[PDB]
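Below is one structure; the comments refer to it alone.
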Amino acid sequence: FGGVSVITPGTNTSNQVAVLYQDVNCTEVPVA
Amino acid sequence: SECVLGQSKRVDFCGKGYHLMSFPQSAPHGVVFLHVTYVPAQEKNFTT
Amino acid sequence: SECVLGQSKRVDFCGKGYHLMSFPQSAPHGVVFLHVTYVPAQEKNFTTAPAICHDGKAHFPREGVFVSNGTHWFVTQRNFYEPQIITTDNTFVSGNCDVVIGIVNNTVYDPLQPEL
Amino acid sequence: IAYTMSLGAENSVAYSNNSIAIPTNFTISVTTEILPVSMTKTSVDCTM
Amino acid sequence: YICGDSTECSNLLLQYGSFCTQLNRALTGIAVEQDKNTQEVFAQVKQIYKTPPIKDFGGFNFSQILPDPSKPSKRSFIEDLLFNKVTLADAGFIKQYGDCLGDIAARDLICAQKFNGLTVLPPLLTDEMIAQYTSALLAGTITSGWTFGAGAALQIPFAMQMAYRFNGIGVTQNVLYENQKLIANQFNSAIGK
Amino acid sequence: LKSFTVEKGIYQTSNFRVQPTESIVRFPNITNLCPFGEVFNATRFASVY
Ligand SMILES: *[C@@H]1O[C@H](CO)[C@@H](O[C@@H]2O[C@H](CO)[C@@H](O)[C@H](O)[C@H]2NC(C)=O)[C@H](O)[C@H]1NC(C)=O
Ligand SMILES: *[C@@H]1O[C@H](CO)[C@@H](O[C@@H]2O[C@H](CO)[C@@H](O)[C@H](O)[C@H]2NC(C)=O)[C@H](O)[C@H]1NC(C)=O
Ligand SMILES: *[C@@H]1O[C@H](CO)[C@@H](O[C@@H]2O[C@H](CO)[C@@H](O)[C@H](O)[C@H]2NC(C)=O)[C@H](O)[C@H]1NC(C)=O
Ligand SMILES: *[C@@H]1O[C@H](CO)[C@@H](O)[C@H](O)[C@H]1NC(C)=O
Ligand SMILES: *[C@@H]1O[C@H](CO)[C@@H](O)[C@H](O)[C@H]1NC(C)=O
Ligand SMILES: *[C@@H]1O[C@H](CO)[C@@H](O)[C@H](O)[C@H]1NC(C)=O
Ligand SMILES: *[C@@H]1O[C@H](CO)[C@@H](O)[C@H](O)[C@H]1NC(C)=O
Ligand SMILES: *[C@@H]1O[C@H](CO)[C@@H](O)[C@H](O)[C@H]1NC(C)=O
Ligand SMILES: *[C@@H]1O[C@H](CO)[C@@H](O)[C@H](O)[C@H]1NC(C)=O
């Protein structure tokens, strides 16, 4: 349950990414 | 672009009759236009 | 068909602002339009009135707006500041001025008077 | 970083029943726009 | 959707190529096109014009279409009626895995869709932004006429705007000034209907 | 077109053939025979376990 999206700039620029879990809280955890 | 931001000479493009103004409103997955129009009435015969 | 071969009155159909001319150019699997537009700038505030009573009748401007610089009234066109003396030739008359709301007292000049 | 997008710059118009703003100068602008007209033509040999 | 765990099915799905990738690409293209259409339709003015110094519009009454500053959402009365008329299901828009396994006895099909991989994504522009865009457009078209569309907004009395719009249809402007009290009333009655 | 009459225009046909008209066989030059005797004629066969 719960779709996952990856947010990133161009890999030619940096390696840092962000993760968006859809239709879930952060308090209920299963998130990292 | 044409009716809200100006005055359109196109016939029946925005409501029946001559067009004066339009007002936009939002709606679920849509837009609603209120068109203000000028309609003649009480005509009379004359010799020309 | 509409913009290159003529002049279009449709708003924002070909660029922002009033439309003057367009020029077409080719491109790989496409076309590119260069639109020439006229944009007003450097606006100024003025005091305006709907009409004027001179002989008791309401005088409306034939074309443009009635403006005032503070002490005197003039008539000017829409998109450019071109003040001119209020005259019977650029104004018309329709009925008494007891009905028009916000009308302003002034004098209407007649160029016919000096010749006589 | 994450943020709420900005719709645009806030502005207001000084409205009154006897004041009108008249432009005094003008500018000529040129704007470019691009429209696709066609694409590549393809063919497929089914048997091969 | 095709397998639902059962690693044997997932392994057997690999021989069919990139059909799922093509489906996902098409769906993503449609999703992007939806937001593009919304932005094209509504985001046409750069300045968010605020409501003028308040009700001096030559006797015309625009209280129905102007936004209501008291309600939590800055909608108008007509916009509120339109929102109430159209019905939507799941008016929380979010269902985590803490209310999907609950006492719902399979009455809601939202969980039936979610358990099979079907997901609904949120639009980029919330209704609270479309309302602001509409309010800005209304303020611009009420205070400055058509000038704000072509460039910088220039203030003008509403009666004169009505006179010039009357001139635009081949009727002399004086006819407005001799019948203004009628027209405004008619306008009000019309919107009242 | 699956018809006996063709209207004016241009039409597409099948690809050019380029028939090979020749058969070539390449195999390793192995001359010995497989162990048919000492495998099928084995006096003793191992048990199943
Ligand atoms: C408004 O317009 C009138 C007409 O031009 C101005 O009157 C003239 O002003 C100039 C100096 O600016 C004088 O030299 C003239 O003698 C004036 N003409 C008359 C008949 O008096 C008037 O000054 C302008 N007022 C403002 C505030 O701009
Ligand atoms: C209207 O705007 C233009 C600029 O867009 C003005 O032209 C400039 O005038 C200044 C001097 O005042 C010059 O230094 C610039 O070189 C001019 N720019 C261009 C492109 O010509 C013009 O003067 C303005 N018109 C009026 C009456 O003020
Ligand atoms: C414009 O229309 C609205 C509604 O028709 C008017 O608001 C009403 O004003 C009266 C008197 O205070 C109240 O009793 C009503 O409850 C109001 N109705 C609503 C929906 O708020 C408003 O007065 C009108 N404005 C003008 C200048 O006529
Ligand atoms: C997280 O759980 C709390 C408790 O019900 C709830 O208020 C909240 O709506 C949940 N988060 C979201 C985004 O719905
Ligand atoms: C004008 O003349 C025709 C024929 O006499 C008649 O039908 C029509 O009613 C007249 N118009 C009006 C407003 O009476
Ligand atoms: C016109 O008047 C308003 C309010 O006084 C002011 O905000 C505006 O700057 C004036 N216009 C110009 C060009 O100064
Ligand atoms: C404009 O508004 C003022 C109120 O401050 C009023 O005194 C004046 O009569 C109004 N003029 C017109 C033409 O409406
Ligand atoms: C304009 O002129 C008439 C008579 O000439 C006069 O009655 C009226 O008071 C004048 N208007 C104003 C606002 O004074
Ligand atoms: C096995 O032995 C017999 C007699 O010695 C012979 O005839 C037969 O060819 C042998 N089988 C094979 C596969 O060589």
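Chain identifiers are assigned as A, B, and so on, following the order in which chains appear in the structure tokens; residues are numbered from 1 within each chain, and ligands are numbered from 1 in order of appearance.
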Dump as JSON lines the rows for residues of chain E within 12 Å of ligand 6: closest atom pair and distance in Å with one decimal, only C-alpha atoms and all ligand atoms counted, ordered by chain and rising residue number.
{"residue": "E:52", "atom": "CA", "partner": "ligand 6", "partner_atom_place_in_ligand_line": "4 (C)", "distance": 11.7}
{"residue": "E:53", "atom": "CA", "partner": "ligand 6", "partner_atom_place_in_ligand_line": "4 (C)", "distance": 11.0}
{"residue": "E:152", "atom": "CA", "partner": "ligand 6", "partner_atom_place_in_ligand_line": "13 (C)", "distance": 11.1}
{"residue": "E:153", "atom": "CA", "partner": "ligand 6", "partner_atom_place_in_ligand_line": "11 (N)", "distance": 10.8}
{"residue": "E:154", "atom": "CA", "partner": "ligand 6", "partner_atom_place_in_ligand_line": "11 (N)", "distance": 9.0}
{"residue": "E:155", "atom": "CA", "partner": "ligand 6", "partner_atom_place_in_ligand_line": "1 (C)", "distance": 8.7}
{"residue": "E:156", "atom": "CA", "partner": "ligand 6", "partner_atom_place_in_ligand_line": "1 (C)", "distance": 11.3}
Any chance you can output those residues with C-alpha atoms as a PDB file, in the first residue's frame?
ATOM      1  CA  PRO E  52     -11.070  48.145  -4.912  1.00  0.00           C
ATOM      2  CA  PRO E  53     -11.760  50.599  -2.045  1.00  0.00           C
ATOM      3  CA  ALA E 152      -0.897  47.962 -17.271  1.00  0.00           C
ATOM      4  CA  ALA E 153      -4.278  48.443 -15.609  1.00  0.00           C
ATOM      5  CA  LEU E 154      -5.765  51.943 -15.883  1.00  0.00           C
ATOM      6  CA  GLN E 155      -8.635  52.970 -13.620  1.00  0.00           C
ATOM      7  CA  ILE E 156     -11.870  54.246 -15.167  1.00  0.00           C
TER       8      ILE E 156
END
I'd like a table as CSV: residues in chain D with an atom no more than 9 Å from chain C, each row giving the shortest atom pair and its distance in Å to one decimal, only C-alpha atoms counted, sorted by chain and rising residue number.
residue,atom,partner,partner_atom,distance
D:17,CA,C:48,CA,8.8
D:18,CA,C:48,CA,5.4
D:19,CA,C:47,CA,4.7
D:20,CA,C:46,CA,5.4
D:21,CA,C:45,CA,4.6
D:22,CA,C:43,CA,5.2
D:23,CA,C:43,CA,3.8
D:24,CA,C:81,CA,5.2
D:25,CA,C:41,CA,5.2
D:26,CA,C:40,CA,4.4
D:27,CA,C:39,CA,5.2
D:28,CA,C:38,CA,5.0
D:29,CA,C:37,CA,5.2
D:30,CA,C:36,CA,4.6
D:31,CA,C:35,CA,5.2
D:32,CA,C:34,CA,4.7
D:33,CA,C:33,CA,5.3
D:34,CA,C:32,CA,4.4
D:35,CA,C:31,CA,5.4
D:36,CA,C:30,CA,4.1
D:37,CA,C:30,CA,4.7
D:38,CA,C:29,CA,5.3
D:39,CA,C:29,CA,6.1
D:40,CA,C:29,CA,8.3
12 Å contacts from chain E to chain A using only C-alpha atoms, as a VMD selection string: chain E and resid 4 92 to 101 111 to 122
Selection: 12 Å around residue 16 in chain A, only C-alpha atoms, excl. self and same-chain fewer than 4 positions, as a VMD selection string: (chain A and resid 6 to 12) or (chain D and resid 1)
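For chain D, the residues having at least one atom no farther than 12 Å from chain F, when counting only C-alpha atoms, are residues 43, 44, 45, 46, 47 and 48 of chain D.
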Return as a list in words every polymer residue, whether protein, DNA or RNA, with at least one atom no more than 10 Å from an atom of ligand 3; count only C-alpha atoms and all ligand atoms.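 The residues near ligand 3 are residues 55, 56, 57, 58, 59, 60, 61, 62, 63, 64, 68, 77, 185, 188, 189, 191 and 192 of chain E.
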Take the residues just selected and output them with N, CA and C atoms as a CSV table (one decimal), in the first residue's frame.
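Result file result.csv:
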chain,number,residue,atom,x,y,z
E,55,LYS,N,-17.4,49.2,-3.3
E,55,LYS,CA,-18.7,49.6,-3.7
E,55,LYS,C,-18.9,51.0,-4.1
E,56,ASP,N,-18.4,51.5,-5.2
E,56,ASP,CA,-18.8,52.8,-5.8
E,56,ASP,C,-19.0,52.6,-7.3
E,57,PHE,N,-19.7,51.5,-7.7
E,57,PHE,CA,-19.8,51.1,-9.1
E,57,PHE,C,-21.1,51.7,-9.8
E,58,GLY,N,-21.4,53.0,-9.7
E,58,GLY,CA,-22.5,53.6,-10.4
E,58,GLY,C,-23.8,53.0,-10.2
E,59,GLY,N,-24.1,52.3,-9.1
E,59,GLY,CA,-25.3,51.7,-8.8
E,59,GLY,C,-25.4,50.2,-9.1
E,60,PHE,N,-24.5,49.7,-9.8
E,60,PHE,CA,-24.4,48.3,-10.0
E,60,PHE,C,-24.0,47.5,-8.8
E,61,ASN,N,-24.6,46.4,-8.6
E,61,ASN,CA,-24.4,45.6,-7.4
E,61,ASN,C,-23.7,44.2,-7.8
E,62,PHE,N,-22.4,44.1,-7.4
E,62,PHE,CA,-21.7,42.9,-7.7
E,62,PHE,C,-21.4,42.0,-6.5
E,63,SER,N,-22.2,42.1,-5.4
E,63,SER,CA,-22.0,41.3,-4.2
E,63,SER,C,-22.1,39.8,-4.4
E,64,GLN,N,-22.9,39.4,-5.5
E,64,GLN,CA,-23.1,38.0,-5.7
E,64,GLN,C,-21.8,37.3,-6.2
E,68,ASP,N,-16.4,36.3,-0.9
E,68,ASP,CA,-16.9,36.6,0.5
E,68,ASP,C,-15.7,36.5,1.4
E,77,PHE,N,-20.7,33.5,-3.7
E,77,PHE,CA,-22.0,32.8,-3.5
E,77,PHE,C,-22.3,31.9,-4.6
E,185,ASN,N,-30.9,48.4,-12.6
E,185,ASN,CA,-31.9,47.6,-12.0
E,185,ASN,C,-32.1,46.3,-12.8
E,188,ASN,N,-29.3,44.0,-12.0
E,188,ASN,CA,-29.5,43.3,-10.7
E,188,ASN,C,-30.5,42.2,-10.9
E,189,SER,N,-31.7,42.5,-11.4
E,189,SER,CA,-32.7,41.5,-11.6
E,189,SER,C,-32.2,40.3,-12.3
E,191,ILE,N,-29.1,39.1,-12.5
E,191,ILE,CA,-28.2,38.3,-11.7
E,191,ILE,C,-29.0,37.6,-10.6
E,192,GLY,N,-30.0,38.3,-10.1
E,192,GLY,CA,-30.9,37.7,-9.1
E,192,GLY,C,-31.5,36.4,-9.6
